[PDB]
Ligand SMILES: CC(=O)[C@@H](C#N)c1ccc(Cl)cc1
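Okay, here we've got a single chain as structure tokens, the form solved without the ligand, with questions on binding and movement later.
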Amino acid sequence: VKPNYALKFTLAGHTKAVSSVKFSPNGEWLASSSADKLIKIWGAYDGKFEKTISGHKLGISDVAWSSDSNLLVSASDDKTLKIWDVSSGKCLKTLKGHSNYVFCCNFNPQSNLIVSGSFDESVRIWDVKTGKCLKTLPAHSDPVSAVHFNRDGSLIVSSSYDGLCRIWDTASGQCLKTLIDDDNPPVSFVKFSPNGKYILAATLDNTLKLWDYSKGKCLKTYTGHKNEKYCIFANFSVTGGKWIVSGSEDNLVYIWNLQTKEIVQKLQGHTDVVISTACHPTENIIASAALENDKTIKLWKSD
């Protein structure tokens, strides 16, 4: 099969570059973070604006949802993370500890924990209820690009400009695995597959890679896009055909066939680098976001 994504809506509102877009686990909403220091919520199916959330002192590089679609966590250059009640827009907690910009964040599946990654080279695990830092991992020797929990929260995967992807035991804080291929390009993003068996990693040499975690081996490689300067989000699209989706520094969204590694579609519309892509939990919908010269989020749909 091949996808046939088409633009349906363009969401406008941010006054500066958009950094991350994420659909609610319930499928109803889309949250967006930006260098304008705000988070905005939008309807996932119509792109209708819903609300704006504020409080950060500096720009936000990432946002993440709780499993019940009720809470959101944000990561900022103000060196803090914030948890928010989406229904009210109120900040429930401000997590402090990082000594430099917080770049990435995610809740575990139970959503009692939040994992964070910073330019301070650390990965931290926090208690959502109290805001306390439960553990600080000396994870890398360079800025941490991404952090993600597996399906049961037993593991955390991390990536860095140091060229490494590492897997950690949530409970112990021990490093269970370090993955690296032949070359050591900086790693700009990482995430577990939805079944937790595989890991998708992006490197700043215009390459995406699929890894079997258990075997510690690279199974697939995806190329064609441009990615050498920015930490762009990538995803597994599993609602229809099995695709790998990513942003690109050529202003396009790329979609590849997971098995053949062929590019099946390139989505044109943005006027600047596509920094983030998100795939809808149940429908064949992709959300895409772009940098300063564009400032828009776009919603695409396929059969």
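For every residue, the number given is its place in the sequence shown, counted from 1. Rigid core here is just the name for the largest C-alpha set that superposes within 1.5 Å across the two forms. Residues that one form lacks are left out of the comparison.
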Subject >> Given 267-275 and 54-62, the range whose Cα B-factors average higher in the PDB entry >> reply: 54-62
Original post:
Which is higher in the entry, the mean Cα B factor of 166-174 or that of 186-194?
Top reply: 166-174
**OP:** Tell me which of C104, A202, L179, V128 tops the list for C-alpha B factor in the record.
**Re:** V128
**OP:** Select one of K226, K132, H148, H140: the residue whose C-alpha shows the highest B-factor in the crystal structure entry.
**Re:** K132
Original post:
By its CA B factor, does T239 count among the lowest, middle or highest third of the modelled residues in the chain?
Top reply: highest
**OP:** Grab the CA temperature factor for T15 from the record and place it in the lowest, middle or highest third of its chain.
**Re:** middle
Original post:
What third of its chain, lowest, middle or highest, does the C-alpha temperature factor of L252 fall into?
Top reply: lowest
**OP:** Comparing against every modelled residue in the chain, figure out the third that the C-alpha B-factor of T282 lands in (lowest, middle or highest).
**Re:** highest
**OP:** Check where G117 lands among this chain's C-alpha B-factors and tell me if it's the lowest, middle or highest third.
**Re:** lowest
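Heads up, the form solved in complex with the ligand isn't pictured, but that's what we're talking about next.
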Original post:
Once the site C-alphas are superposed and the ligand is modelled as in the entry with it bound, is the result open or blocked, blocked being 3 or more ligand atoms within 2.4 Å of any backbone or C-beta atom of this form?
Top reply: open
**OP:** With the ligand left out here, work out from 187-195, 168-176, 89-97, 132-140 which stretch has heavy atoms within 4.5 Å of it in the entry with it bound.
**Re:** 187-195
Original post:
Honest question, do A31, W42 and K51 all end up within 4.5 Å of the ligand in the entry with it bound by heavy atom distance?
Top reply: no
Original post:
Of these, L258, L252, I255, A64, which has a heavy atom no more than 4.5 Å from the ligand in the entry with it bound?
Top reply: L258
**OP:** Please check if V238 has a heavy atom lying within 4.5 Å of any heavy atom of the ligand in the entry with it bound.
**Re:** yes
**OP:** Although the ligand is absent from this view, report whether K242 comes within 4.5 Å of it in the entry with it bound, heavy atoms only.
**Re:** yes
**OP:** Enumerate, in order of sequence, every stretch of at least three consecutive residues present in both forms where each C-alpha is displaced by 2 angstroms or more between this form and the one not shown, superposition done on the rigid core.
**Re:** 180-183
